[PDB]
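The chain that follows stands alone, in the form deposited in one PDB entry, written as C-alpha cells.
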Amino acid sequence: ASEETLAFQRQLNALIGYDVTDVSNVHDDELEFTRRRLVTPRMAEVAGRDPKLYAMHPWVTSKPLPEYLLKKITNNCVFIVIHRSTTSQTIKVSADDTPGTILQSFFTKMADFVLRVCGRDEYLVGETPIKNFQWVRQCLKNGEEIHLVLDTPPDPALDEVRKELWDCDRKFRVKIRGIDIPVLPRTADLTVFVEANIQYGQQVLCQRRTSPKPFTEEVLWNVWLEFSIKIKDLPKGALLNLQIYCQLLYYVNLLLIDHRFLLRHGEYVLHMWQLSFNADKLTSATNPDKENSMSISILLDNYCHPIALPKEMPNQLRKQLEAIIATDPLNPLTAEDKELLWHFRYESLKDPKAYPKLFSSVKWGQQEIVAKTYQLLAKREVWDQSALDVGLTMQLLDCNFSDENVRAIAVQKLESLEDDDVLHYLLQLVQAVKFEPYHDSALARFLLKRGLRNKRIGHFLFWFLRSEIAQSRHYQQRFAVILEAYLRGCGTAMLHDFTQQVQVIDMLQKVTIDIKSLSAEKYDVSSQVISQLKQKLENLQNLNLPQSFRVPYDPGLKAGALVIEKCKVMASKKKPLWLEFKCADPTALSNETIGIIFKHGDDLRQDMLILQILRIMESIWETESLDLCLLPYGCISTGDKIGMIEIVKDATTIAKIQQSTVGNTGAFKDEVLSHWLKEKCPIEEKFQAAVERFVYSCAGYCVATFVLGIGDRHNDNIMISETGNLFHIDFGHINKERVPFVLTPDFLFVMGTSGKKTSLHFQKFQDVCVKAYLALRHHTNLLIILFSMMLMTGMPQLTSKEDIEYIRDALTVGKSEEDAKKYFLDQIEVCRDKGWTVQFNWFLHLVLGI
C-alpha cells in the first residue's frame, strides 16, 4: 500500500512485460486469486532452499557415465588444471572424488574458497563425485582440458528476498442475447449463428445453436439454449465454448465452475477471439482489444448459489484389453473400446501405461461416473510405486485431460525429476500450462517451485514464460501471474541480472528492426547502413547499455562490451544483426568473442521448440550410449517475430561453400566440400577427426530431421564447422520432387563414396544412422506426445490429426526392428537417386523466385 512496494510492482511488471495488477480485461477475480495462492508455495520454497548451494547453482547428474564417456576415462582417474593468478598446476585424481576432497588433498600438495570454471559462473560444489558434474563431462566428450580457477564463494546474502450443489437436477441452459462488432468485412451478404458447446478435455458434451441470421454490426437473438447435461453432472473444469460461424470465425470460453467450486450466473459481455486444433482455442482469457473485437452478450440461470463441493476375467477378453493398452498414443478409441476399457477399471489400474487410455474412457459428463473414478485414484499404489515415465506423465497433461486429480497425479510423478531432467523438459512443461483449466494448478506450482529451487531452471523459466507473455495474448495473463510469483522469490541478484538482460535486449530490439527498415525486398547491405549500424551501437554503448549481462541462452556466460568492429548486418533476407561481445569474465581462458544474432521476421518459438526436441534426442541416445554430435545452439524468443541466437564459431553455410568454389549458380561440384575442410585443417590429425565428425554430425541430423518431418530444405539452411560438425539452422517456417533428408553428393563424397558405391566412412554412416534411428524407436511414445504438444502450442495454424500422425509413419510404429532397420536405410537410397535434384529445385524456388 505504501510507495515502497508500489514502485516495486512497477518494475516487476516491466520485467514481465505485462501489468499483472490490471483488471480491466476480466469477468472475475481468478487472476488476483491465483496471485494470492501462489504467495504460499513461493515463500515455502524460499525458506526451504539452502542459500549456499542455491547461490552456486551446482549442475549435476545422477545418471551413469555413458559408454562413450566411460571409454575416455583411464582407470578411475581424470586430469584437471587449477589456476590462481598466472599460477597453473595440474592434478590427476579419481573420478569419484568430492569437490571437498579435491581441496583437502590440494592443501597437502602446496604450502573457505571454491572451485569455479574459468570464464564461467559454474561452481563445482556439493556432495557429489566430480564425474557427475555436467561441465566435467562436457570437457571429456569434447576432449578438452578441465581448467578451474580457485576463488571465493558468492555471498548467499545477495539472493535476499524483499519484504512480504449435486441436487439441482435441473437441465443446464444459457441464453444468447446477441453478438456485437463495431465494423464488419467488405464482402456483405453473410449468415451467422452462435454455437454454444459444453466442452471438457476438448471433447464436446453437448451442443446447441441459434437461428442463422444475416451478418450485420448488431445481430440479436434473445434465444434460450437449454442443454441436456444436468447441473449435478457438470464436472469441474468444464467450459462453455461459445462460437460463431459465417465457417468458424470467432470464439470465446468461460469456465462454468469457478476457482471456488461455484456455479456461474449473471450477464456477461465476452469479447471474442478471431480465427486466422491448437492451444489458443482453449483459453479462458477474453480478448483485450475491446474497440475492434467481436463481443457477445449472454445470461446464466440467475438461480441461487449451487456449489460443486469437493468429494476374475475371461482370459480371451484380457488379450483384447491388452491390445488396447499397447496401442500407440495416436490411435483413438472406439465405443466398445472405452466401454470395455471402463468396466475393468481396477484391472487397467495395474498397468501404468494404460492410464491415458483408461481416463479418456470416462464419461466425465456424468457425476456418478466421476465419483467412481476418484474412488479408483484412492488406491494409487500401482501408480505411485511405478517408475517415472516422462512420456506417460506428459500424456496426462495435454489437451485431452481437464480433470484436476488426473493431471495432479502426472504432476506428482514429475516431482521425482532431478534438476537435470527438469531442464530437458522445461519448455514442454511450460507449454503444458496452456491445457490447465485454471490459472492455479499443480503444474503451475511445480514450475514455480523448481524454478525457485535452482537458478538454472529459474533462469530459463523466466525466459520461456516471458516469450509467451510478450507474444501470446491468449495466455500472457496466466503466464504474467506465474512469472511475478517467481520474480518475487528468486532473489535480489537474479532480479538484477534479469534487469540487465531485459535492458540490453530492449535496446537491441530497436536497432534490429530500425536497421531492417532500410531495404527489405532487396538484399543489398548498403555501404552506408554499415556505418549507420556501428554508429547506433555507439549511442547505446554510451552509458545506458549495461556494461555486463548474462547471455540468456547460456546463463554461465557473462557478456561485456560490444566489439563494434566485428558487428555487422548479415546479407540475408530478414536482415538479421550479427553482434559480438567480449567475455566479461576476466578469468576466461581465452580471448574469443561471444557471437549473438538478433533477427526479425521468423517466429523464434518454433526454433526454440525444435532445438529442444534435439536436446532430448541427444539425451535419449545417451541412455542407449550414442553420440551424434548434434549442435543445438542457443535460441531464445524474446518477442513477436524476434529473438536471439547463439553463434557457432568457425562455421559456414553449405551453400556459400558451393557458391565460392563454383559461383552464384546451380552447378554443384561434389568435391567442393571436402576441398574446403582440407584447407581448413592442414594438420592431418585434425582433418582425420574432422571427417569423422562429419560422418557423425551428418548422420545425427539426418535421423532427427527425418523423424521431425523437416529433412527437406535448401542448402543455405545447413552448416558445417571448421571442426567438421554439420548442423541445421533457421527453423523459422517448415506434385513435386521430395527427399526424406539432405544427403547430397558433396556429403557422401566426403565419406568416400565418390559415386554410387559403398565406402569405409560411408558404411560407418549407415551403421550409425540405423543405430540411432533404432535408439529413438525405443522412445516412440515420448516423441509422439512431444511432437503432438509442440504442434498445438507452437504452430499458428490449426494443426489436425493428420499433421501429428506423420510422426507415427516416420517411426514406423507397429513394425519390428528388422523391417524398420531396412526402411531407414532405404530412405538413404531415395537421396542417392535425387543426388542434386532437390537442391537444384530449392535454388530455383528461393534464389530465382520461380
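Basically, rigid core = biggest C-alpha set you can superpose within 1.5 Å across the two forms. Quick note: we count residues from 1 along the sequence shown, nothing fancier.
In what follows, reference is made to the form deposited in another entry, a form of this protein that is not presented.
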Overlay on the rigid core first, then point out the one of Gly178, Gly556, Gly601, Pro129 whose CA is displaced 2 Å or more between the shown form and the other one.
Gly601
Using a rigid core superposition, assess whether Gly639 undergoes a CA shift of 2 Å or more between the shown form and the other one.
yes
Core-superposed C-alpha of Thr191 shifting 2 Å or more between the shown form and the other one
no
Superposing on the rigid core, is the Cα displacement of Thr512 between the shown form and the other one 2 Å or more?
yes
Answer with closer or farther for the CA-CA spacing of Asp514 and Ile729 in that other deposited form compared to the shown form; it moves by 3 Å or more.
farther
